[PDB]
Structures are given as C-alpha cells and as structure tokens.
Amino acid sequence: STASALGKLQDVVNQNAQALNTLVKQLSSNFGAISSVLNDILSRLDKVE
Amino acid sequence: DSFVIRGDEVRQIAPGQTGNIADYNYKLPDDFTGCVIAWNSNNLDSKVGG
C-alpha cells in the first residue's frame with residue numbers, strides 16, 4: 001500500500017535517466033556556433049571558415 | 001608554379017577557394033605550405049588591341 005518506501009532505487013534510476021537525457025539534449029546547443037546541425041552549416045558555408 | 005591571371009581573381013589563389021580558375025584550372029591543396037607572389041605586368045602582358 002504505502003509507496004515512496006523505495007526512494008533510494010527510484011532516485012538512482014532517475015539520476016541515470018536525467019544524466020542520459022541531458023547528455024542527449026546537449027546536442028541541440030549552439031556553443032557559439034551558427035547552428036546545432038552539421039549538415040546545414042556544411043552546406044550553407046564554404047571550406048576554409 | 002608560374003602563370004598569369006585576370007586581375008580580380010587574384011584572391012582565388014588560396015586553399016579552399018571557390019571560383020572559376022580555382023576549380024576548373026588550378027586547385028591548391030587545403031594544407032598547402034609555402035608562399036604566393038602576385039604582381040602587375042600591364043606594360044608587357046597587355047595589348048591595346050588585346
């Protein structure tokens with residue numbers, strides 16, 4: 001009946017999931033680039049730049 | 001490597017350049033090492049009749 005009695009394991013799983021999710025989400029960041037997609041910045045631009 | 005070029009295309013002679021002579025006539029390597037020297041030869045390489 002009583003839930004929330006298993007906080008440790010649930011916390012561990014949530015921590016792993018959050019770390020993975022934010023690692024995946026980091027792909028969309030720009031980091032000061034012009035875009036977060038390689039193909040478009042490759043196509044719109046030229047070689048030496 | 002020596003030749004003559006139209007005046008405006010002078011900056012096409014560089015690694016990773018795109019143009020007419022840069023890709024149809026003479027392409028430089030991207031990791032080229034060395035120097036490029038450009039100067040005008042109007043008084044000899046030009047003709048009033050062309």
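For neighbour counting, all protein chains shown are included, and Cβ atoms are generated from backbone atoms with ideal geometry for every residue, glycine included. All of the numbers you see were taken from the coordinates with simple rules; none came from a lab.
B:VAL10 meets the conditions (1) of a type outside the set (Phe, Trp, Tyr); (2) surrounded by 11 or more Cβ atoms within 10 Å (Cβ to Cβ); (3) within 14 Å of chain A (Cβ to nearest Cβ) in every case but one. The failed one is (3).
Conditions (1) under 30 Å from A:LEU45 (Cβ atoms); (2) in a loop (DSSP other than H, G, I, E, B); (3) of a type in the set (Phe, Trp, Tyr); (4) over 12 Å from the mean Cα position of the chain (by Cα), marked per residue:
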| position | (1), (2), (3), (4) |
| --- | --- |
| B:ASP1 | yes, yes, no, no |
| B:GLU9 | yes, no, no, no |
| B:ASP30 | yes, yes, no, yes |
| B:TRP39 | no, yes, yes, no |
| B:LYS47 | no, yes, no, yes |
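A count restricted to the stretch B:13-28 and to residues that are more than 9 Å from the chain's Cα centre (by Cα) and either more than 14 Å from every other protein chain (Cβ to nearest Cβ) or over 20 Å from A:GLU49 (Cα atoms) (or both) stands at 3. As a summary of the residue check, A:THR2 satisfies the conditions (1) part of a loop (DSSP other than H, G, I, E, B); (2) under 20 Å from B:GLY16 (Cβ atoms) except for the one numbered (2).
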